[PDB]
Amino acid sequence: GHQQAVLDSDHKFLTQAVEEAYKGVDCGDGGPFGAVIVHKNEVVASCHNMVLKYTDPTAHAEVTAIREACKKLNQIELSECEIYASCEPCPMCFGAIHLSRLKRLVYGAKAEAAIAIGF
């Protein structure tokens, strides 16, 4: 991929991913990590880590959002969607993001506040 500029329009979706992180940790579904998948300013999936709830170590926020978006759209590809993550994805989730063909990734960053990557 290649790094991109973060836009004002990304703010609301990154914030919502953090809201998901709060909802998830608060109710015990998993660690405080959230992910939102969007298509043309419309939220397709809004999820958080579900490792504890599902007894599933693959149920990270990003993987969960991809599974939900693909089921909702009835597609195994998301080339017209983008994903927002409350923090940087792990190697497993980067692999899922690539396999899913997501077009763009924005995640919360400590040094830069937020980072955008186009694929």
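Quick note: we count residues from 1 along the sequence shown, nothing fancier.
Student: On average, are the C-alpha B-factors higher in 109-117 or in 1-9?
Tutor: If you average the C-alpha B-factors of 109-117 and of 1-9, the larger mean comes out for 1-9.
Student: If you average the Cα B factors in the entry, which is higher, 71-79 or 88-96?
Tutor: Mean B over CA atoms: larger for 71-79.
Student: Where does residue 55 sit by CA temperature factor within its chain: lowest, middle or highest third?
Tutor: Its C-alpha B-factor belongs to the middle third of this chain's values.
Student: Taking the chain's C-alpha temperature factors as the reference, tell me which third residue 42 falls into: lowest, middle or highest.
Tutor: Ranked within chain, residue 42 CA B lands in the highest tercile.
Student: Of the three thirds of its chain by CA temperature factor, lowest, middle or highest, which one includes residue 62?
Tutor: Lowest third - that is where residue 62 ends up once the chain's C-alpha B-factors are sorted.
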